Each structure stands twice: as structure tokens, then as C-alpha cells.
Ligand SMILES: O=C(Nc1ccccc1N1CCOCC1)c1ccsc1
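Starting off, we have a lone chain in the form solved without the ligand, written out as C-alpha cells.
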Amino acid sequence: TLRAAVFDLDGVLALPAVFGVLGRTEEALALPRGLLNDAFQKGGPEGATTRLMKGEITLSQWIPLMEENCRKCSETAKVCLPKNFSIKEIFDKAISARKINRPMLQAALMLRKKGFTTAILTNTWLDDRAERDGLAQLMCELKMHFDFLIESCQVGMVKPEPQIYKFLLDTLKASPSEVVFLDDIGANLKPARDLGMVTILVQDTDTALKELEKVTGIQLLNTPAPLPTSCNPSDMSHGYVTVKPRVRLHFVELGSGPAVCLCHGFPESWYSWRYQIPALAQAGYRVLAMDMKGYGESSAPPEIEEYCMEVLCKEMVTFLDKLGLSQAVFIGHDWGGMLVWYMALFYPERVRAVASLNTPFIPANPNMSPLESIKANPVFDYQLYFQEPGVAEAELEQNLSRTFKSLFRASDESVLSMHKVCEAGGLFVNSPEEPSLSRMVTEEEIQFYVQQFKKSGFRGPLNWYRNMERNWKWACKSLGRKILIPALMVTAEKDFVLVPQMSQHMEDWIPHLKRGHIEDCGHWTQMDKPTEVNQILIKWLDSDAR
């Protein structure tokens, strides 16, 4: 029966409320009780505050009208306002102190995933203060989680006028009895109640959530921690840059601040960073998540030598040049992590900082060919299977749904053994034809990868493995160098191929290397433990890349 939930901003989704700060200001300045709240409401429907909430005047135009109201009120109360009394200073601190009420936002997100239409209906103003960016940032964070945002100053109506409630019902396409309305001001609930809406008076968050659980029948309060917010491909800004006549790179972009370039591995997509992109943008970075060469919407030339590290790194430098970026932080995973270590070794002036997930920095051995080293370790035997052009492509392209469902699994759900791949004559020889869906991915997420690989196939991606001698010869030029720019190595306890032990001598080459370690995490780090990855990257970026 209930299918829509409406929340107020001030005092409900953001705490503390402005009215609460006015009461504390009166106590701190030993002013008569309610003086600032009376000046704020002076004139009712014809007063300055109603004109502000309706968008007739801006916040900066209202500030001197509110100060005049404070003086008129203090005069009738027979009191004097302190010498340094400033409405602007009081409001600046009140707005600045306001943070998202995480448990209330989590309840709204939970209701939305269960099919509820969610909205914010708020009495707010046109903020033209020099510090208005703080409010714009708060609104942008909240906005993305709600179906509708209705602000009084944009529609010319305020709560508790009954027409704003009729406007809300028309916008939601719902009858009053299907709506739950949460507000901390009792007067603002009365019109919603007259129409027949379920109302909840918000004094403390926990009691309001208990009422909300009771009326919706959905558990909201003691629920497990949700996954980080993920990307909707259709809502991203897609960028395209031609780095060479036949090569165009696609990326998705979000945020402002220092540039952070994310480099996925095999056989992945920019979409493998879906849980990191909003978190890193919200932390104050401009995120560029690439489709590496050979993948998704980036060019995929068939030639093997187009995928050697020297060419790939040169194109990443050109990518920065064409975007006008003198530097970027480079973060890679798997094949992308291999590339980011070589970007730091050959172009340190373009790399602000470097981080690798799972992939260690492995220096070339000038006495041993990489093909000889492959045979010495049965862990990397499967790479010999990837050498012959056409062989692994036919197996991997045969059934795309099976390829991604078999690969994208948690460490305890594995259906593949990377040893004896050449002996068996394939990667999926003793693997089921229809594997179960892993717990880390949904069918919808799998189908995104399937659609992306339907375009250029596996030739481009597999060609990254077919330049072993070319890469070895190139890497040998850097054997006298050290990596002396900020660097982070993140190991994954349960990675089958890139084991944490392979990273143990990295300090010899990167003396001030920082480390992160994720327990119970397999190869697909980003989607296996997204919350842990986000925390590790954000803390490192804030200390070593800012």
C-alpha cells in the first residue's frame, strides 16, 4: 500500500537543523529565549524569511533584513544585542556544521531499492554567499539518491502552504494514503495529515526509523552495512580522445580536483571500477576510468605489437597531453598495475603518484628470457596457452556469458584451475557449461561485460600477453632506476595468480613504498572488497597524492 517516502532536508536528512543552532546561539550569547527564532519568523507569510524561502530574494539580500528583525525583537524585549552580533557569521557556521544524517540516508536508500519512490521536499533558499559551494556539494551528494528534489525557492511555494503538498502528490503520481512524510517541524506535518498521508515527527533519528519500519514493514535500523554506491553507465560522462590515427581511447569521467587515472586489468572494463568512481569523486578527485586499448569502446587494432608496454605507455602520455593534464595519479589492477609501474619508471614527471592493486613491481632479469621464467612456475603455465594467436580467443569467445561467470568469482567459489591449463588443452576443460552466479556480481553486471566483449572480442586483450620478449627488452633499460615518487602496493590475500609473496622484495626498488593488504580477497579486488579498496585508496591519496 505505501509506495512513496518524502523526507525534509534540514533536521531530517542533514543534522543539526538551523533552528537548533539559533537556540544554541541564544544560550551562548545569553539572549532571551526564543529571540532569534522570533526574529527569523517575524511577519509570517509577508515576512522576509517567507520571501527568502519562496525565492523572491537571495540569502545575501535576506541577511540584513534578518538583522533588522533581531534589533526590532531585542527592542521590545528590552535587551541589547552584543557588539560583535553578526547574522552572517551565525548562519555561515550553522550551514557549515550541517552533515548528512547517514542512518536516515541509509533508510531512504533501502526503501528505494525495495521499490519506493523517494523525494526531498524542503524549505530552502538561493544561496549566493561566498561559501555557497559547501551547500552545493551537500545537495549534489544527496540528489543522486532520490527520485525527486523539490525546493521551495524553485517552485515559489513553502511548507506549510497546502498547495506545495498538492504539487508534491502531482509530482509523485500518488494518492495521499500511499505516502509517508517525515519532518522535524510539527506544523509542516498537519497539511500532509489532513490529506491522509502517514506522517512521522522526527525528534531523534532512531525513534523515527522505528516508526518508519513499523509502517513500511521493512527492516531499516539494525541492517548490515550496504555496498558502496555504484555507477550507472548511462548516467556517466563518456570521453573519447584520438591518441594516434587508428587509436581512440574511451574513458568515463566524474568529479573535480587532482586527476586520478584508473587502469583495469584482463579481461575487464572501465566498469570494474564502478564502486570506486563515486567514492573517489566524493573524496575530491577527478576520476578518469579508462577502457584500456583493446577493450570496450577504445580502439582494438589486431596487430600484436600494438599492445607492447612501450607503445601502451607512450599512448597514455599522449592521452594526458591531449587532455591538457601535466600529471595524473595512476592506479592500476592486474595488467593495468603492470602498466602503471612502467609509467612511473619511464615518465615520472607525468605521474603524480602510483598505486597497484595485486600486481607487484617485478624487475626484468637480463639473464633470463621471460618465456623461460614462465616455465619455471606452474602458476603462470596458462600464459603459454595465451601465446598462439586464435587459440584462447576461440575458447573465450565461444560463450561470453560462461567466460565471465566462470572468471568473476570469489576465492571460495572457484571453478577454474590455472595449473595444467596447457595439459588439459583449455581453461574451461573441466569447468561447468552453466556455472552458478557468483555472490560478488549480479546477472545485469555480467551482461555489461558480455555486451562490451561482443564488440571487439578477445584478440586485443590477449595481445597484452603476446609481447613478453619486447616488454623484457624495454624493461631492461630501467634496471639502474628506482621509483622515488609516492607509491602504494595493495596485496590481496587470496589472489590465485598474483600472490602477496610476489611483492616482498619491492622495497629494494621503491624504498618508501606504502602498503595495503586485504584479507579474504581474491583476484577481482575492486568488486570483491569494494569498501576496503575505497578506504585504502582514499587515505593514501589524501596523504601522499595531495
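All residue numbers refer to positions in the sequence shown, first residue = 1.
Here the subject shifts to the form deposited with the ligand bound, a form of this protein not shown in this document.
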Checklist line | Heavy atom within 4.5 Å of the ligand in the entry with it bound - residue from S269, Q383, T117, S298 | finding: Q383
Check: Pick from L138, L195, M468, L81: which has a non-hydrogen atom within 4.5 Å of the ligand in the entry with it bound?
Finding: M468
Notebook entry, point to check: Would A475 count as touching the ligand in the entry with it bound under a 4.5 Å heavy atom rule?
Noted result: yes
Margin query: How about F251 - does it come within 4.5 Å of the ligand in the entry with it bound, if we only consider non-hydrogen atoms?
Written below: no
Note to self: So in the entry with it bound, is the ligand close enough to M343 to count as touching (4.5 Å, heavy atoms)?
What the structure shows: no
Note to self: Under a 4.5 Å heavy atom criterion, is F146 part of the interface with the ligand in the entry with it bound?
What the structure shows: no
Next item on the list: Run the contact test on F167, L169 and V180 with a 4.5 Å heavy atom cut-off to the ligand in the entry with it bound and return yes or no.
Entry: no
Checklist line | Which of 271 to 279, 285 to 293, 442 to 450, 330 to 338 lines the interface with the ligand in the entry with it bound (heavy atom within 4.5 Å) | finding: 330 to 338
Checklist line | Contact set, 71 to 98 vs the ligand in the entry with it bound - heavy atom within 4.5 angstroms | finding: none
